[PDB]
Every structure is written in C-alpha cells, then in structure tokens.
C-alpha cells in the first residue's frame, strides 16, 4: 500500500497533463495507472493515451501518406514526368514507419516518469475500491489478482472512450479504427460505416493505399455526412471524396454481416441492398470508458448518455473524485482534455480556480481535402441570435486548375451576429485549412468583428487571405429563417 496526493486512472492526453503539472508545478506526489506500456494489440491504447497510440498522431501520418496519391498525379500539370505504371503504394512500409514513431513516443514517456520527482507509473487496471483507495489489478476482471492498493487524497478519472459497436447479427466480423491501424495488408474492398470524422479520414487513407481494382465505400444512415459541421462544407467534401473515387452511400445502414467462404464479408443493409467487402470498419461513435472502473463501489453518478457527470470544474458528485477528457462525453478532442487536466490541478492544488472554456474551440478533419473550423455553424447561430449574416467564398484555386484537380474548390465561410458584426464562427475547406484556422481561434477570444478581418491587410498569394476579403454578406438568417436579403 502506498500514499499519494493524486492518483490518475488513465495515462492519456488529459491524465498525463494533470499528473505532470501536479508533480512538477505544485510538488505533489502523483501516481498514474495505465494498462499497457506501448501501443497495439491486445489493448491498443497505452501509456500516452488514445491520440498517441491509435488516434491523432498515427492517423495524421497515414493521411500524410495518402496525400501523395494526389501529389504524384498533380505534379504532371507543373511539368513533372515519370513512369506512372511503376507507382505502387506500400502499406506495410507505411505501417512500419508509423509503428516506429509511436513506439518512440511510448519510450519517451517512460523516461519522463523515470526522470520526474513525485510522478510514478503503475501498470494494470485501476478501479475505485473506496472514496480514497484506488486498486490496480492484473486484468479488467474485478476478481483478478491485486497488484497495488493506492491511497489517495484526490482521484482523477481519465480513461477516455472506446469504439461503439451496433447490436446487429455478425458484428463480430467487423473491426474498428483500433484494428485498422494494424491490418497486415491494405484492404482491396472496404466499407467504412459512419458519417463522422473517423470514418471519413480512414476512407481517404484506404482509398490511396488500395491494391489495383480496389474500391472504398462509406455508408451513413442519414442523408448527409459530417453532422455538426458547416452544411456547405458537408456537401462539398461529399463531392470531392466522390471525385477521388470513394463511393458515398447515404440513407443506408448495415442490418447484418456474414462470412463468405473466401474470408470476405457479406453485408446486408436495412434497405435490402447487399455488398461484399474484405473489411467492414465500424466508426459510428465512441462511448465513455466507465465499465471497468466499478463506480458503484463509491456512487459516482453517470449522465443518461453514459458519461461521468461533472460540474464546470470537473468535480463529480463524490468529494475529491474528478473526471476529465472523453469519459465526460463532451468535446472529444485531445487539446480539450489537456486543458481540462491543467485547469483541474490549478484549481485543486493552486490558489486560483480555473475552468475550461468549451466554446470557440478550433478543430480539424484530415479528410482529403481537409476541414478547419472554429465556433458556431449558421443554423445553430440562427437559434441564438435574431440576425445572422453569412459571408461565403467558394472557388477552385488557380493551382488546381493547372494540377487537373478542378473539383478541389476552396470554401471559406464567416458567420456573424449581424447586429454588431461579431464573428461567431469560421469554417474552411481546402489545402491548409487546419493550419489557417488556429489563429482564428485566437481572434474569437478578442471579440473580432467582420470589419477586423476585412480591415487587416492580406498575405498574397494565399488561400487564407480570402478571410480578409469578404465585405458583403451572401445571405442572412432572421428569427431563424434563411433569406437572401434583409427585411
């Protein structure tokens, strides 16, 4: 048995920020628990968290790899010549390079623990034994052997989320993004199930690395993918994915999956349609990872959707027990989890309470081409404000008229409170959009108005200067109804 100021269950984005800050900034004694020291099967996430091991970091490397399919083709318009029939995409090399980069990060976190006073790492499965006792066991089974018993003044729940799998016959013949990161071969025919960012991003990855004759299909149960993003951009990215050979099946949903004699999968949709693929990747959602924590031993309250309930300062209903990150089922983003962990420790162990601001958070989708966004979409703004203006610019950049990818329209939209010009949201689609949007997030913390953008001098030639060239609204929402002119 060992005594600690803070015990953190989950060595992830938020948990590591909280633990490191508690130990090095405030001199506290910190223990952090995770189930695996490095990435991959059997538990996939590990020391460093989901983003490091099976999330943002490896997927961004794989999207970068997939972008070379476009670069090799597009180089021709600028005079580059080579033998196109010799091009091939080696998925094994990609996965090996990705594996080496993730493992390097795993090892560096190991050394961080070894090198930092008052910051200890424990391997195993943590759960709540009592209000001030965290127990670490060998497996997720609550009857497996006890490895440690950790007394704690404060307990932080930071176990993240896990892929949601629908209750359909044959769901056991499907995979999630966890397994996609380790496929021995690139699938020739693949169905990605879901309309959200993970399904869209992997669709682009598989599309570039598929062997000859391959086909990527994405299905989504409603009418338009990427719910929660700007509607113009949802339509345009649909169009540009299709232009690059991905088939988008909307208003369709798998009803069952069965095994074929050759090892492929036979998917039957609710509509009666069928599709044979080598791999079915379910990406319909991610759910808080609460079941192994034994929250019933202490009475930590969950919300109806399954997150741990928290106030604005990440406090549960049980004194001295806190939760941050994906387990609170709010914004599932790594920098938000980091921010929450830092605010929590500043509040508990420092002299100043701090709460995370969950509005105006910039984020991205690494689709091909990608999305960058910050703030409100226009239909959410129209329910909160009487007069909303939308400024819109959409065109194919000159370079893609030369590259031959004329379908690659760049979209830039600014949403304002028209009563005073305040910028409520900015939404971008096109090369560079995730990089352009970061400083827009800073603008929204300075109560920037549309005139502040238009009066700034542009950098030329860029896509970003479009944001400083919009003077006149394209249309409006008045009392919630869309219209081209004001009344």
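Residue numbers count along the first chain shown, from 1. Definition used throughout: the rigid core is the maximal C-alpha set that superposes within 1.5 Å between two forms.
- Once the structures in 9 other deposited structures of this protein are superposed via the core, the pair 221-229 and 259-267 is resolved in favour of 259-267 as the more displaced stretch (C-alpha RMS).
- After superposition on the rigid core, the larger root-mean-square Cα deviation in 9 other deposited structures of this protein belongs to 346-354, not to the other of 230-238 and 346-354.
- When the mean C-alpha temperature factors of 364-372 and 114-122 are read from the deposited coordinates, 114-122 comes out higher.
- Averaged over their C-alpha atoms, the temperature factors of 61-69 and 441-449 are higher for 441-449.
- Of the candidates 180, 136, 200, 390, the one whose C-alpha carries the top B factor in the deposited record is 136.
- By the numbers in the PDB entry, the CA B factor is greatest at 311 among 235, 326, 311, 276.
- Among the modelled residues of the chain, residue 204 sits in the lowest third by CA temperature factor in this PDB entry.
- Among all modelled residues in its chain, residue 406 ranks in the lowest third by Cα B-factor.
- Sort the modelled residues of the chain by CA B factor and residue 40 lands in the middle third.
- Per the PDB record, residue ranking by Cα B-factor puts residue 464 in the lowest third of the chain.
- Looking at the C-alpha B-factors along this chain, the one for residue 247 belongs to the middle third.
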